[PDB]
Each structure stands twice: as structure tokens, then as C-alpha cells.
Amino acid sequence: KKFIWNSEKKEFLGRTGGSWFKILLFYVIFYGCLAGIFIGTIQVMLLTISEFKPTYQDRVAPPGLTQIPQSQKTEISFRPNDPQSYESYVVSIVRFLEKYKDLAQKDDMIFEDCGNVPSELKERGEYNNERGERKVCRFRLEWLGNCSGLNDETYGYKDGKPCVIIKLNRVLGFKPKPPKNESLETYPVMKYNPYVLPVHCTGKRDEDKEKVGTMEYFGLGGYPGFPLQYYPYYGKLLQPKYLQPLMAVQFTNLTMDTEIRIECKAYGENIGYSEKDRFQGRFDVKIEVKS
């Protein structure tokens, strides 16, 4: 209790009152100057980066192929007979697809109708504010054959035909280039369009490749991939409501109550892969329609 408090010199926990006030004031001015110096250096550093382009982009290269709905452990397992085992997947698909409905793409200044067939890339010029915002290549939900949220809201999950919409990583200033027909000898047989970055889903093992069933691809114009006319990306400051290209795959005639691991791989010149990062350029999904 002596160290706790002594009434002799008004010492609280070891130090007197005047000393407490003095250290409080000194520490306040010191910490204030320190935090202010930190903020000043923060602002001085910020005055070096641009508002429309990051000073370094080699960390995001090549872009990565992702799947919707976002699933824990990339596992999409549900019971078609159960009306709730696939509610999570359907809801997560709709949460992302709602941004592509005809209602959002109403304004003509923000949304522009781009080629209905795979065409050349829509380069807007330079990454500056001289032209303010830019138009957005509209993408109708109808380009997705049977999983569009327009006719079948279950997207096939109700009839045991799941539809995992594939998506390409949005990268500012990226110009996807599909592989030329000259070297088309390793990747599987797919429709070739020089204006579409291809994507092909296949099995993983000799058992997965057998139990997959029938792959059905839905994309702009029916090409299995992403149309080149939707790139490059100009960021959130130049294209706030930019809509990225999409593509869905329907897994029909798949063995019921069996875990099948499928891998959709995107091909192209600037499309690479990695052994440790299973999402750089391709992605693996484990699906099981346990009815």
C-alpha cells in the first residue's frame, strides 16, 4: 500500500502529482509530434503514387481464374433433393449476378453496347481524367445459356446440373492475348476465335476425368471464354461501374453422390500458372450432387 499511495507528497503509484502532470504533458506533445511526423511522411509518400495506376503491378501477373459462388475449400457439395443445401450457392451467385441485370445497365453515358460477337479490345486511350469517366461494355445476362437468373433461378442446382460461372481477375491495363492457332496443339479442342481468351474445364485424375459427364460452355457469342473486347480495365477512378467479362459452365450427366474435382484452365500468351498458388490462371472445384 505504500507504493500504491502516500499522502506525504501526493505520490500516486510511485510518482507525485506534479510529476504526473509533467510527464502527461511531455508525452502528449511528444506523441503528438511523432504521430504528426508519421502522417506527414505518409502524405509525402502518397504524393508519389498515381490515382489511376499503381507504381507496381508485377505482383498481380498473370491474372488468376476465380469461380463464383465463392466456396469454402472450393467445395460445392449439395443435395439436389434438399431445398436448402444449395441455397448458399444460389444466393452467392445472385449476389454477384445482380450487378449485371438490365436495370443497372440503363444509363447510356456510363454503359455502352459493345460488339455482340468477339471483337477487338476496347482501348479508351490513356489513364487520365481528360475524358472523365468512360463507357462500360454492357454484358447481358442472356449470354449465359441456362444459368442466367432469367429463366432458372436455381442455375441447375435444383435439377442436379450445377452452373459454376467462371471469372477472370480484373487487372488495370491488362491486354489478354489468346494463343495463336500456329501452336494450338497442347490445349484441348475448343472453338477458336482470335478475339476470345479461352477457358476449358477438365477433370483432375483418371477417375475425375471419367465421372465429369458433359461440359456445357456459355459465353459471349457461344465461345468458351472471355471476349477480348472487354479489356483493358481502367480502375475504379476511371471506370467506377466497370463490368468484367464472364462465362459459365454446366456439368450435366455427372455421377450422383460422388465428389468430382474439376479444373478449369485459361489459356493465352500472358496467362501463366503456379505450383503453390492453385488460383493463378486456373482453379479447381470439388463438386458432389448428393441427392
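In this text, residue numbers run from 1 along the sequence as written.
- The mean Cα B-factor in the deposited entry runs higher for 118 to 126 than for the other of 163 to 171 and 118 to 126.
- Across the two stretches, 205 to 213 and 127 to 135, the PDB entry reports the greater mean Cα temperature factor for 127 to 135.
- As recorded in the PDB entry, 237 shows the highest C-alpha B-factor of the residues 37, 243, 47, 237.
- The PDB entry assigns the greatest CA B-factor among 188, 176, 219, 198 to 188.
- In the PDB entry, residue 277 places in the lowest third of its chain by CA B-factor.
- Among the modelled residues of its chain, residue 79 has a C-alpha B-factor that falls in the highest third according to the deposited record.
- Sort the modelled residues of the chain by CA B factor and residue 99 lands in the middle third.
- Per-chain ranking of the deposited C-alpha B factor places residue 193 in the middle third.
- When the modelled residues of the chain are ordered by their C-alpha B factor, residue 58 lands in the lowest third.
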